[PDB]
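Next up: just one chain, as structure tokens, the form deposited without the partner chain.
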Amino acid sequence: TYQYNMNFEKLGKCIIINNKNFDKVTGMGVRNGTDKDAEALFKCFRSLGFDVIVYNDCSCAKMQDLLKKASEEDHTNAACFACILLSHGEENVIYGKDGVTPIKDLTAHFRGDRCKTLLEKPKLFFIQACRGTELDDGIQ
């Protein structure tokens, strides 16, 4: 009554976008260590039961297309969906290799009215990115 039904053939798909190298046009540097992160995340998520796929150095159009397409699959026998984004970011946007795209645009594909086979099922987005340039100095 109070938990999401997990009795499905599949936990679900996990898409990992691992953006390491960026076009000079964008001004952004290489993200060292991100392959190590993506690998560790791939293992954890696979270990939870997700069908994990990892896509590397995606353009903005590629990222949008991946999620659109995923949103168009039949998730009838999946409990949930996850996406993990590893990249540079600024507030409300994330970098592809060729520029920025709005985080909300990537997620909107999964909305109730647009992806009926995930209706009432969790849609999880894990987002590893800058979100502006403020530094937390800490205290005590």
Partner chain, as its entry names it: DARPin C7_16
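Residue numbers count along the first chain shown, from 1.
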Using only C-alpha atoms and the B-factors in the entry, which stretch averages higher, 117-125 or 17-25?
17-25
Between 28-36 and 49-57, the record assigns the higher mean Cα B factor to 28-36
Residue with maximal Cα B-factor (values as given in the PDB entry) among 100, 82, 44, 78
100
Ranking every modelled residue in this chain by its Cα temperature factor as given in the entry, which third contains residue 86?
lowest
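What comes next is about the form deposited with the partner chain bound, which does not appear here.
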Contact label in the deposited complex: residue 49 to the partner chain, heavy atom within 4.5 Å:
yes
Checked 12-41 against the partner chain in the deposited complex; residues with a heavy atom within 4.5 Å, sequence order, are 12, 13
